[PDB]
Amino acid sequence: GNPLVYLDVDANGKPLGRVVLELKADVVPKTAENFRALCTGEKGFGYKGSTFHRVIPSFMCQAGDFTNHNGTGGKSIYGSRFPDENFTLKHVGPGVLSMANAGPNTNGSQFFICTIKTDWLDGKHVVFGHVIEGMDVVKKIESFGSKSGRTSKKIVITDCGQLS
């Protein structure tokens, strides 16, 4: 069974609802497990309390920098960084869940949820899941973004975890 995880998201303290994500452990098990564990917080750190720090309408919503909150930080469950597992899955459309990075083999904790097909990221960012519920919440997040990526409200992952 591919793991299912959830993000409960707020904007300036107001709940937006829940996003449920299927993690494709059947294709990218190491990357899926990193994200699963960062949702549960079982290593003592993870996504709870962190923000969507870069949100660009008609592109993607990026989150997961729980150390620096600005797109420079984070860490994986495997040490600071881990290599690109594979590029099997493509950025096919809205709801794709993929690893942010700073170049090859720089996966940590930062991730993004696409709101469009982002084919120019294929082969550069490791796709590892998909939204199965709460795409409307993703669109709410997107609506607080801007062309620069700066957000107009503080978008926080209030809670997160695994659904079992």
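Numbering starts at 1 and runs along the sequence shown.
Student: Taking the mean of the C-alpha B-factors per stretch from the entry, tell me the winner out of 108-116 and 63-71.
Tutor: Here the higher of the two C-alpha B-factor means belongs to 63-71.
Student: Within this chain's modelled residues, let me know which third the CA B factor of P57 belongs to: lowest, middle or highest.
Tutor: Highest third - that is where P57 ends up once the chain's C-alpha B-factors are sorted.
Student: For the chain shown, is the CA B-factor of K140 in the lowest, middle or highest third of its modelled residues?
Tutor: Its C-alpha B-factor, which the entry lists for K140, ranks in the middle third among residues of this chain.
Student: Could you say whether, by C-alpha temperature factor, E133 belongs to the lowest, middle or highest third of its chain?
Tutor: Ranked within chain, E133 CA B lands in the middle tercile.
Student: Which third, lowest, middle or highest, does the C-alpha temperature factor of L21 belong to within its own chain?
Tutor: According to the entry, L21 has a C-alpha B-factor in the chain's lowest third.
Student: By the recorded C-alpha temperature factor, relative to the other modelled residues in its chain, which third is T40 in?
Tutor: According to the entry, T40 has a C-alpha B-factor in the chain's middle third.
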